[PDB]
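A single chain, nothing else alongside it, follows as structure tokens in the form deposited in one PDB entry.
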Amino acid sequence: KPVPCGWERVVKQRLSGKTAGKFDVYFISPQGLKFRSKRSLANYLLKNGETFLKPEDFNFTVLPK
């Protein structure tokens, strides 16, 4: 839940230059897409935030041999 299923969140802290100490946070989607901002992720979620399930996504069988 806190990080949506299959997504990854990265937090990093800058160590040098004028912005030393500032944090950067970005997310990686289940497909490997990297979002460095809430704006860009929000825009993407408009059309691509839905996930769907089919019966074929669930394997009810045990293989032989």
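C-alpha atoms forming the largest set that superposes within 1.5 Å between two forms make up the rigid core. Only residues modelled in both forms are compared. Numbering starts at 1 and runs along the sequence shown.
Sort the chain's modelled residues by C-alpha temperature factor and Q31 lands in the highest third, per the entry. Annotation for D24: CA B-factor lies in the lowest third of the chain's modelled residues. Annotation for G6: C-alpha temperature factor in the lowest third relative to the rest of the modelled chain, per the entry. When the CA B factors of the chain's modelled residues are split into thirds, the value for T51 lands in the middle one.
FYI, the form deposited in another entry isn't displayed, but the following is about it.
Relative to the superposed rigid core, the position of the CA of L53 differs between the shown form and the other one by 2 Å or more.
Compared with the form shown, the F27-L53 C-alpha separation decreases in the other entry, the change being 3 Å or greater. Relative to what is shown, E8 and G49 are farther apart in the other entry; their C-alpha atoms differ in spacing by at least 3 Å. Displacement of the C-alpha atoms by 2 Å or more across three or more consecutive residues between the shown form and the other one, following core superposition, is confined to the single run 47 to 62.
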